[PDB]
Amino acid sequence: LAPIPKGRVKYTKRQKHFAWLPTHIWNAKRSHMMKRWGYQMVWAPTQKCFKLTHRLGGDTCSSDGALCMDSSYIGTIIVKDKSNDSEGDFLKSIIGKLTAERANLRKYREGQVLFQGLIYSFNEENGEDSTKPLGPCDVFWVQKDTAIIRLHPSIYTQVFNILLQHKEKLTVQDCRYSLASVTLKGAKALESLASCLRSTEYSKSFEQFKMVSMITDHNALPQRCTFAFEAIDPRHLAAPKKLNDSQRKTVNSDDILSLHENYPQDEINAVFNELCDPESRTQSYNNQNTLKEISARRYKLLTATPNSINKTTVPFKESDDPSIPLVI
Amino acid sequence: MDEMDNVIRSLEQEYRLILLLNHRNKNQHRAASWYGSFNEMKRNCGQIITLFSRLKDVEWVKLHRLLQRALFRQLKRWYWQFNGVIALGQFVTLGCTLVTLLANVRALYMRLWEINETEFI
Amino acid sequence: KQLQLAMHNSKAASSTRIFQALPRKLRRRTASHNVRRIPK
RNA sequence: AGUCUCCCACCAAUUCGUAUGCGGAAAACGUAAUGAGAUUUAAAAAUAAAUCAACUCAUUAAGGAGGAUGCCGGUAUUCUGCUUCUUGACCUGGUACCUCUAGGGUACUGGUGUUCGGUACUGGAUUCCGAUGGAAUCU
């Protein structure tokens, strides 16, 4: 297991029993908090929102907005085999025992579609044994010998120690203090997220993301819609900006069928594997800029050479700036 | 000398009035919805007065044209949010004073704009 | 401080326009006017 | 219910970079222990002023290790060490340095000599350009 991340000395003293999320100092000013399961999470905002929640996050068609939740409290366990052979086949047994015989099948491994079901606690080590349901689980397979598991905090430890009964054969990283996540709901959700993300190079997985951010009824999309790429520091933009999407307005049901054949497998795997390695995401911080130097960089745009542009977003350097891996 | 030196001694009054009004009532109006434009207006005025603060014209780059988009891109907002304080009805001296100041600033900014045509680039 | 410039500005609008009050989710109340106090 | 406070934009640092008995994002906020005072006072009117309660004020960093008071290796109490770390007052005089344009910025070193900082976004519709970009019009 891992301890609380070091930070400000004053505010790391109060986390002796209940930890903090990255946004706690922001939410605390605008919500009602509680304390459960070792976290200080958020319960509800300070306004009545019974109907607005329904008509912006429900299954209605009157949605003109989105709902974002900071779900960092859900842990993340990155389990992977160490036989050095990509075929694995022993992590398969562990995952098939942990849940019912569901999350190790051709639909979930090869097609790498997300899984949601119920997770048990096997104890078969001496004669009589049984199982007792524990709760929900999110298992995602990668390259047939890497798995990512997302769990509610309450059942985080009980399953974890179970895997520790076979750490002779696997390896586990309690990365719940190193990976964060956000959940988005609503119709105009991807439209808002795509207004604050740009890339470094040209990648097809951003072309698909640009095209599919114009659906407004996400129930039409197929089972699998994974995106994965490398973004730049979002502080460059200084204001959210559309994707110039109004030009193209003839999306039909024939280009959707292309999304099931034109799948960029290698370009997803390469950018994904920069999250299951601590030193890679350590390099991801290689040079994180302070606010003042970004301000000075932006100020240096009032004397540019084109002299007929009047740009606002700062440029991007080829090697002296970090690249943020990102999965959706 | 009339092309310049007759407007600058008017921005020299506008900036002082803005600074006094700023220092006067920061505490009780921090969380309102119009500093997000008021401080922007003050900063844009400051970035203009600082240039040309001497016996000749030390002007290598005439590109403060780029710093004179406070009258095409972000001038409707300041006008359309300084009247909401008038409509809401709890403070009315502030709204009228802000509207007068905005009118003065826009007039002076164009007065500086048209008389210069050295944008031959 | 001359209303002539105000009329010139409103010339980019109608004669006598009417503006709505703020939506109730974008309103704030005035805090105190004196500087903050330190703990003893 | 009110002549009252705080929050509802950000800050690796001209912004309360505030480890301060404990809780708290903060509060003219809550609460624990020891101890002391009321126009003769830190202070109230010319809360209390036999006792207990009430008003106000002063002192007290967390963790962990070692020895002992008491009762069956333990816990409550008591004295002595250790670990926790982002070169941070303001103003100003010197030397060295710099990819900055005779002036600016950075390192080493001397002098007691009540509100002010930077960065940022309007809602909607239509149009134009060999584009994860730029431009114009209306409401």
# chains A, B, ... in the order shown; residues from 1 in each chain; ligands from 1
>>> interface_residues(of="chain A", to="chain B", cutoff="12 Å", atoms="only C-alpha atoms", output="list in words")
residues 299, 301, 302, 303, 304, 305, 306, 307, 308, 309, 310, 311 and 312 of chain A
>>> interface_residues(of="chain B", to="chain D", cutoff="6 Å", atoms="only C-alpha atoms (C1' of nucleotides)", output="PyMOL selection string")
chain B and resi 23+26-27+77
>>> write_last_selection(atoms="N, CA, C and O atoms", output="tab-separated table (two decimals), in the first residue's frame")
chain	number	residue	atom	x	y	z
B	23	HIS	N	-9.68	51.32	-5.26
B	23	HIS	CA	-9.23	51.26	-3.87
B	23	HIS	C	-10.34	51.56	-2.89
B	23	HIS	O	-10.24	51.18	-1.72
B	26	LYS	N	-13.10	47.64	-2.70
B	26	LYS	CA	-12.78	46.25	-3.02
B	26	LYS	C	-13.48	45.27	-2.08
B	26	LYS	O	-14.06	44.28	-2.54
B	27	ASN	N	-13.43	45.52	-0.77
B	27	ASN	CA	-13.79	44.47	0.18
B	27	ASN	C	-15.23	44.00	0.00
B	27	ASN	O	-15.49	42.79	-0.04
B	77	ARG	N	-19.50	43.48	-23.79
B	77	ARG	CA	-19.67	42.87	-22.48
B	77	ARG	C	-19.69	43.92	-21.37
B	77	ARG	O	-20.57	43.91	-20.50
>>> interface_residues(of="chain B", to="chain C", cutoff="9 Å", atoms="only C-alpha atoms", output="ChimeraX atom specification")
/B:25-33,79-80,83-85,87-88,97,99-104,106-107
>>> interface_residues(of="chain A", to="chain D", cutoff="10 Å", atoms="only C-alpha atoms (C1' of nucleotides)", output="compact mmCIF listing (two decimals) with N, CA, C and O atoms, in the first residue's frame")
# COMPACT_ATOMS: atom_id res chain seq x y z
N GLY A 7 2.52 17.22 0.55
CA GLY A 7 2.13 18.51 0.00
C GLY A 7 2.33 19.62 1.00
O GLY A 7 3.32 19.64 1.73
N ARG A 8 1.39 20.57 1.03
CA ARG A 8 1.44 21.63 2.03
C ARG A 8 1.43 21.03 3.42
O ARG A 8 0.67 20.10 3.71
N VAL A 9 2.30 21.55 4.30
CA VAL A 9 2.47 20.94 5.61
C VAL A 9 1.24 21.16 6.48
O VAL A 9 0.82 20.27 7.23
N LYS A 10 0.63 22.35 6.39
CA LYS A 10 -0.53 22.65 7.22
C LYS A 10 -1.70 21.72 6.90
O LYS A 10 -2.36 21.21 7.81
N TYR A 11 -1.97 21.49 5.62
CA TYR A 11 -3.14 20.74 5.21
C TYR A 11 -2.90 19.24 5.12
O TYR A 11 -3.85 18.49 4.93
N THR A 12 -1.65 18.78 5.25
CA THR A 12 -1.39 17.36 5.34
C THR A 12 -1.47 16.84 6.76
O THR A 12 -1.40 15.62 6.97
N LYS A 13 -1.62 17.73 7.74
CA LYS A 13 -1.79 17.32 9.13
C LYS A 13 -3.20 16.82 9.40
O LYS A 13 -3.38 15.93 10.25
N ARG A 14 -4.20 17.34 8.70
CA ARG A 14 -5.59 16.97 8.92
C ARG A 14 -6.01 15.70 8.21
O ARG A 14 -7.15 15.26 8.38
N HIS A 24 -10.39 18.97 -3.33
CA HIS A 24 -11.12 19.17 -2.09
C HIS A 24 -11.18 20.63 -1.69
O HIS A 24 -12.22 21.12 -1.24
N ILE A 25 -10.07 21.35 -1.84
CA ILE A 25 -10.06 22.76 -1.46
C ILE A 25 -11.00 23.57 -2.34
O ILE A 25 -11.44 24.65 -1.93
N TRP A 26 -11.33 23.07 -3.53
CA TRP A 26 -12.28 23.74 -4.41
C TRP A 26 -13.72 23.38 -4.07
O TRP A 26 -14.58 24.26 -4.02
N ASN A 27 -14.00 22.09 -3.84
CA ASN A 27 -15.36 21.67 -3.53
C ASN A 27 -15.81 22.17 -2.16
O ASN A 27 -16.99 22.47 -1.96
N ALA A 28 -14.88 22.27 -1.20
CA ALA A 28 -15.26 22.61 0.16
C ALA A 28 -15.97 23.95 0.24
O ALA A 28 -16.80 24.16 1.14
N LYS A 29 -15.67 24.86 -0.67
CA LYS A 29 -16.33 26.15 -0.67
C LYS A 29 -17.73 26.11 -1.26
O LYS A 29 -18.47 27.09 -1.13
N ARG A 30 -18.13 25.00 -1.90
CA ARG A 30 -19.36 24.99 -2.68
C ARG A 30 -20.18 23.73 -2.48
O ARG A 30 -20.87 23.30 -3.41
N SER A 31 -20.14 23.11 -1.30
CA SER A 31 -20.85 21.85 -1.15
C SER A 31 -21.02 21.51 0.32
O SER A 31 -20.54 22.23 1.21
N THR A 46 -25.10 23.08 -2.66
CA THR A 46 -25.89 23.89 -1.74
C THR A 46 -27.08 24.56 -2.41
O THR A 46 -27.52 25.62 -1.95
N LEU A 197 -9.49 20.51 -25.10
CA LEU A 197 -8.47 19.50 -25.34
C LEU A 197 -7.95 19.63 -26.77
O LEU A 197 -8.74 19.68 -27.71
N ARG A 198 -6.63 19.70 -26.91
CA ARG A 198 -5.97 19.65 -28.20
C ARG A 198 -4.83 18.64 -28.11
O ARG A 198 -4.50 18.15 -27.03
N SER A 199 -4.24 18.33 -29.25
CA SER A 199 -3.23 17.29 -29.33
C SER A 199 -1.87 17.90 -29.65
O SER A 199 -1.72 19.11 -29.82
N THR A 200 -0.86 17.03 -29.71
CA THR A 200 0.50 17.41 -30.07
C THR A 200 0.81 17.13 -31.54
O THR A 200 1.36 17.99 -32.23
N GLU A 201 0.47 15.94 -32.01
CA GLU A 201 0.68 15.53 -33.39
C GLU A 201 -0.67 15.27 -34.04
O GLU A 201 -1.72 15.60 -33.49
N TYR A 202 -0.64 14.69 -35.24
CA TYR A 202 -1.85 14.24 -35.91
C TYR A 202 -2.07 12.77 -35.59
O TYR A 202 -1.20 11.93 -35.84
N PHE A 206 -7.87 11.18 -32.55
CA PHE A 206 -8.46 12.50 -32.35
C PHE A 206 -9.41 12.88 -33.47
O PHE A 206 -10.35 13.63 -33.23
N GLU A 207 -9.20 12.35 -34.68
CA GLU A 207 -10.17 12.58 -35.75
C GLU A 207 -11.51 11.94 -35.41
O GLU A 207 -12.57 12.57 -35.56
N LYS A 210 -13.14 13.96 -32.72
CA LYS A 210 -13.71 15.18 -33.27
C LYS A 210 -15.04 14.90 -33.96
O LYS A 210 -15.98 15.69 -33.86
N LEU A 237 -4.87 27.51 -23.54
CA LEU A 237 -6.00 28.07 -24.27
C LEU A 237 -6.48 29.38 -23.66
O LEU A 237 -6.84 30.31 -24.39
N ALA A 238 -6.54 29.46 -22.33
CA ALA A 238 -7.02 30.61 -21.57
C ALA A 238 -8.51 30.84 -21.72
O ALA A 238 -9.05 31.76 -21.09
N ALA A 239 -9.20 30.05 -22.54
CA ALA A 239 -10.65 30.11 -22.70
C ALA A 239 -11.11 28.90 -23.50
O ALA A 239 -10.47 28.54 -24.50
N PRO A 240 -12.19 28.24 -23.11
CA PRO A 240 -12.68 27.10 -23.89
C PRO A 240 -13.10 27.54 -25.28
O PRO A 240 -13.62 28.64 -25.48
N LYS A 242 -14.60 26.07 -29.29
CA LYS A 242 -15.23 25.02 -30.07
C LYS A 242 -14.23 24.38 -31.02
O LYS A 242 -13.10 24.83 -31.19
N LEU A 243 -14.67 23.29 -31.66
CA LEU A 243 -13.85 22.57 -32.62
C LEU A 243 -14.22 22.88 -34.07
O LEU A 243 -14.05 22.03 -34.95
N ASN A 244 -14.71 24.10 -34.34
CA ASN A 244 -15.05 24.53 -35.70
C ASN A 244 -15.99 23.53 -36.37
O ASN A 244 -15.91 23.29 -37.58
N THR A 290 4.91 27.01 -14.23
CA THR A 290 4.21 27.85 -13.27
C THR A 290 3.29 28.81 -14.00
O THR A 290 3.36 28.99 -15.22
N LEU A 291 2.40 29.44 -13.24
CA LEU A 291 1.42 30.32 -13.86
C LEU A 291 2.07 31.57 -14.44
O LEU A 291 1.69 32.02 -15.53
N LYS A 292 3.06 32.13 -13.75
CA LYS A 292 3.64 33.39 -14.21
C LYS A 292 4.41 33.21 -15.51
O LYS A 292 4.38 34.10 -16.37
N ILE A 294 3.85 30.97 -17.86
CA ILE A 294 2.85 30.85 -18.92
C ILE A 294 2.27 32.22 -19.26
O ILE A 294 2.02 32.54 -20.43
N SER A 295 2.05 33.06 -18.24
CA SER A 295 1.58 34.42 -18.50
C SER A 295 2.57 35.20 -19.35
O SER A 295 2.18 35.90 -20.29
N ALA A 296 3.86 35.10 -19.03
CA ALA A 296 4.88 35.80 -19.82
C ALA A 296 4.94 35.25 -21.24
O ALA A 296 5.09 36.02 -22.20
N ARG A 298 2.47 33.96 -22.93
CA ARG A 298 1.32 34.52 -23.63
C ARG A 298 1.55 35.98 -23.97
O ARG A 298 1.19 36.43 -25.07
N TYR A 299 2.14 36.74 -23.05
CA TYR A 299 2.42 38.15 -23.33
C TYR A 299 3.37 38.31 -24.50
O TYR A 299 3.27 39.28 -25.26
N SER A 308 -0.56 39.54 -38.86
CA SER A 308 -1.89 39.64 -39.44
C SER A 308 -2.81 38.54 -38.91
O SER A 308 -3.71 38.09 -39.61
N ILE A 309 -2.58 38.11 -37.67
CA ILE A 309 -3.27 36.96 -37.10
C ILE A 309 -3.97 37.32 -35.79
O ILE A 309 -5.17 37.05 -35.63
N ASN A 310 -3.25 37.91 -34.85
CA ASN A 310 -3.77 38.26 -33.52
C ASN A 310 -4.24 37.00 -32.78
O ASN A 310 -5.40 36.87 -32.38
N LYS A 311 -3.31 36.07 -32.60
CA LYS A 311 -3.61 34.83 -31.92
C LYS A 311 -3.59 35.02 -30.41
O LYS A 311 -3.00 35.96 -29.88
>>> atom_distance(atom1="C1' of residue 91 in chain D", atom2="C1' of residue 113 in chain D")
7.4 Å
>>> residues_around(residues="residue 92 in chain A", least_positions_apart="6", cutoff="9 Å", atoms="only C-alpha atoms (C1' of nucleotides)", output="PyMOL selection string")
chain A and resi 103-104+144-145
>>> write_last_selection(atoms="N, CA and C atoms", output="mmCIF file, in the first residue's frame")
data_model
loop_
_atom_site.group_PDB
_atom_site.id
_atom_site.type_symbol
_atom_site.label_atom_id
_atom_site.label_comp_id
_atom_site.auth_asym_id
_atom_site.auth_seq_id
_atom_site.Cartn_x
_atom_site.Cartn_y
_atom_site.Cartn_z
ATOM 1 N N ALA A 103 -15.908 -11.993 -16.852
ATOM 2 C CA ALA A 103 -14.968 -10.991 -17.340
ATOM 3 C C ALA A 103 -13.736 -11.585 -18.003
ATOM 4 N N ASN A 104 -13.742 -12.870 -18.346
ATOM 5 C CA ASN A 104 -12.683 -13.468 -19.157
ATOM 6 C C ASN A 104 -13.352 -14.215 -20.307
ATOM 7 N N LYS A 144 -3.975 -8.657 -23.147
ATOM 8 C CA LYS A 144 -4.171 -10.037 -22.718
ATOM 9 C C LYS A 144 -3.329 -10.421 -21.505
ATOM 10 N N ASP A 145 -2.495 -9.504 -21.010
ATOM 11 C CA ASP A 145 -1.762 -9.782 -19.780
ATOM 12 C C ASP A 145 -1.648 -8.554 -18.885
#
>>> interface_residues(of="chain A", to="chain C", cutoff="12 Å", atoms="only C-alpha atoms", output="list in words")
residues 46, 47, 48 and 49 of chain A
>>> residues_around(residues="residue 41 in chain D", least_positions_apart="3", cutoff="12 Å", atoms="only C-alpha atoms (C1' of nucleotides)", output="PDB file with N, CA and C atoms (P, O5', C5', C4', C3', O3' and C1' of nucleotides), in the first residue's frame")
ATOM      1  P     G D  37      -7.385  36.399  41.371  1.00  0.00           P
ATOM      2  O5'   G D  37      -7.336  37.652  40.388  1.00  0.00           O
ATOM      3  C5'   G D  37      -8.065  38.836  40.681  1.00  0.00           C
ATOM      4  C4'   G D  37      -8.654  39.448  39.434  1.00  0.00           C
ATOM      5  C3'   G D  37     -10.023  40.091  39.595  1.00  0.00           C
ATOM      6  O3'   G D  37      -9.929  41.427  40.061  1.00  0.00           O
ATOM      7  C1'   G D  37      -9.988  38.703  37.661  1.00  0.00           C
ATOM      8  P     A D  38     -10.872  41.957  41.249  1.00  0.00           P
ATOM      9  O5'   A D  38     -12.090  42.651  40.496  1.00  0.00           O
ATOM     10  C5'   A D  38     -11.875  43.737  39.607  1.00  0.00           C
ATOM     11  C4'   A D  38     -13.010  43.868  38.625  1.00  0.00           C
ATOM     12  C3'   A D  38     -14.373  44.200  39.224  1.00  0.00           C
ATOM     13  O3'   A D  38     -14.589  45.603  39.289  1.00  0.00           O
ATOM     14  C1'   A D  38     -14.548  42.353  37.713  1.00  0.00           C
ATOM     15  P     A D  44     -14.444  49.389  31.761  1.00  0.00           P
ATOM     16  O5'   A D  44     -15.661  48.431  31.388  1.00  0.00           O
ATOM     17  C5'   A D  44     -16.164  48.382  30.056  1.00  0.00           C
ATOM     18  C4'   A D  44     -17.611  47.953  30.007  1.00  0.00           C
ATOM     19  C3'   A D  44     -18.498  48.484  31.133  1.00  0.00           C
ATOM     20  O3'   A D  44     -19.792  48.790  30.615  1.00  0.00           O
ATOM     21  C1'   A D  44     -18.560  46.116  31.115  1.00  0.00           C
ATOM     22  P     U D  56     -17.994  35.722  27.515  1.00  0.00           P
ATOM     23  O5'   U D  56     -16.627  36.403  27.965  1.00  0.00           O
ATOM     24  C5'   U D  56     -16.453  37.809  27.876  1.00  0.00           C
ATOM     25  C4'   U D  56     -15.241  38.276  28.644  1.00  0.00           C
ATOM     26  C3'   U D  56     -13.911  37.656  28.256  1.00  0.00           C
ATOM     27  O3'   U D  56     -13.359  38.204  27.073  1.00  0.00           O
ATOM     28  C1'   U D  56     -14.098  37.707  30.607  1.00  0.00           C
ATOM     29  P     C D  57     -12.377  37.322  26.153  1.00  0.00           P
ATOM     30  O5'   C D  57     -11.031  37.217  27.000  1.00  0.00           O
ATOM     31  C5'   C D  57     -10.258  38.374  27.284  1.00  0.00           C
ATOM     32  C4'   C D  57      -9.204  38.109  28.331  1.00  0.00           C
ATOM     33  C3'   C D  57      -8.137  37.087  27.976  1.00  0.00           C
ATOM     34  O3'   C D  57      -7.119  37.617  27.144  1.00  0.00           O
ATOM     35  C1'   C D  57      -8.912  36.694  30.174  1.00  0.00           C
TER      36        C D  57
END
>>> residues_around(residues="residue 163 in chain A", least_positions_apart="5", cutoff="10 Å", atoms="only C-alpha atoms (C1' of nucleotides)", output="number ranges by chain")
A: 79, 94, 98, 158, 169-172
>>> write_last_selection(atoms="N, CA and C atoms", output="PDB file, in the first residue's frame")
ATOM      1  N   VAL A  79      -3.105  -4.694 -12.155  1.00  0.00           N
ATOM      2  CA  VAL A  79      -2.502  -6.005 -11.954  1.00  0.00           C
ATOM      3  C   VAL A  79      -1.908  -6.465 -13.274  1.00  0.00           C
ATOM      4  N   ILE A  94      -7.359 -15.924 -12.290  1.00  0.00           N
ATOM      5  CA  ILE A  94      -7.638 -15.062 -11.145  1.00  0.00           C
ATOM      6  C   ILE A  94      -8.879 -14.222 -11.401  1.00  0.00           C
ATOM      7  N   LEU A  98     -12.402 -14.371  -9.383  1.00  0.00           N
ATOM      8  CA  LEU A  98     -12.764 -13.211  -8.576  1.00  0.00           C
ATOM      9  C   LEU A  98     -14.222 -12.835  -8.778  1.00  0.00           C
ATOM     10  N   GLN A 158     -10.217  -5.614   0.881  1.00  0.00           N
ATOM     11  CA  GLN A 158     -10.526  -7.026   1.083  1.00  0.00           C
ATOM     12  C   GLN A 158     -10.161  -7.860  -0.135  1.00  0.00           C
ATOM     13  N   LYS A 169       3.448 -14.719  -8.229  1.00  0.00           N
ATOM     14  CA  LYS A 169       3.165 -14.946  -9.639  1.00  0.00           C
ATOM     15  C   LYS A 169       2.633 -13.729 -10.381  1.00  0.00           C
ATOM     16  N   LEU A 170       2.104 -12.726  -9.682  1.00  0.00           N
ATOM     17  CA  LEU A 170       1.622 -11.519 -10.342  1.00  0.00           C
ATOM     18  C   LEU A 170       2.366 -10.304  -9.814  1.00  0.00           C
ATOM     19  N   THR A 171       1.972  -9.108 -10.243  1.00  0.00           N
ATOM     20  CA  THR A 171       2.453  -7.897  -9.597  1.00  0.00           C
ATOM     21  C   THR A 171       1.340  -6.862  -9.595  1.00  0.00           C
ATOM     22  N   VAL A 172       1.263  -6.118  -8.492  1.00  0.00           N
ATOM     23  CA  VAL A 172       0.147  -5.239  -8.177  1.00  0.00           C
ATOM     24  C   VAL A 172       0.695  -3.875  -7.789  1.00  0.00           C
TER      25      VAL A 172
END
>>> select_by_dssp(residues="range 2-118 of chain B", states="alpha helix (DSSP H)", output="PyMOL selection string")
chain B and resi 8-24+35-49+76-81+84-88+93-114
>>> atom_distance(atom1="CA of residue 272 in chain A", atom2="CA of residue 216 in chain A")
27.0 Å
>>> closest_atom_pairs(of="chain D", to="chain C", cutoff="10 Å", atoms="only C-alpha atoms (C1' of nucleotides)", output="tab-separated table")
residue	atom	partner	partner_atom	distance
D:4	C1'	C:32	CA	10.0
D:5	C1'	C:32	CA	8.2
D:6	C1'	C:31	CA	8.6
D:8	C1'	C:28	CA	7.8
D:16	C1'	C:38	CA	9.0
D:28	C1'	C:37	CA	9.5
D:114	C1'	C:35	CA	6.3
D:115	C1'	C:35	CA	6.6
>>> write_last_selection(atoms="C-alpha atoms (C1' of nucleotides)", output="PDB file, in the first residue's frame")
ATOM      1  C1'   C D   4     -24.354  40.789  12.674  1.00  0.00           C
ATOM      2  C1'   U D   5     -19.815  37.509  10.448  1.00  0.00           C
ATOM      3  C1'   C D   6     -17.867  33.814   6.422  1.00  0.00           C
ATOM      4  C1'   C D   8     -19.962  30.971  -3.677  1.00  0.00           C
ATOM      5  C1'   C D  16      -3.112  36.391   4.906  1.00  0.00           C
ATOM      6  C1'   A D  28     -18.327  38.949  15.502  1.00  0.00           C
ATOM      7  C1'   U D 114      -7.798  50.066   7.583  1.00  0.00           C
ATOM      8  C1'   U D 115      -9.203  47.800   1.173  1.00  0.00           C
TER       9        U D 115
END
>>> residues_around(residues="residue 15 in chain B", least_positions_apart="5", cutoff="10 Å", atoms="only C-alpha atoms (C1' of nucleotides)", output="ChimeraX atom specification")
/B:10,20-21,42,45-46,49,101,105
>>> write_last_selection(atoms="C-alpha atoms", output="compact mmCIF listing (two decimals), in the first residue's frame")
# COMPACT_ATOMS: atom_id res chain seq x y z
CA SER B 10 -7.47 62.96 -20.21
CA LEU B 20 -9.64 55.76 -6.62
CA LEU B 21 -12.90 53.92 -7.28
CA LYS B 42 -8.49 48.80 -15.76
CA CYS B 45 -6.16 51.07 -19.70
CA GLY B 46 -2.90 50.54 -17.81
CA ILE B 49 -0.92 54.43 -20.57
CA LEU B 101 -16.45 56.01 -17.46
CA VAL B 105 -12.85 55.35 -22.43
>>> residues_around(residues="residue 69 in chain D", least_positions_apart="3", cutoff="12 Å", atoms="only C-alpha atoms (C1' of nucleotides)", output="JSON, numbers by chain")
{"D": [76, 77, 78]}
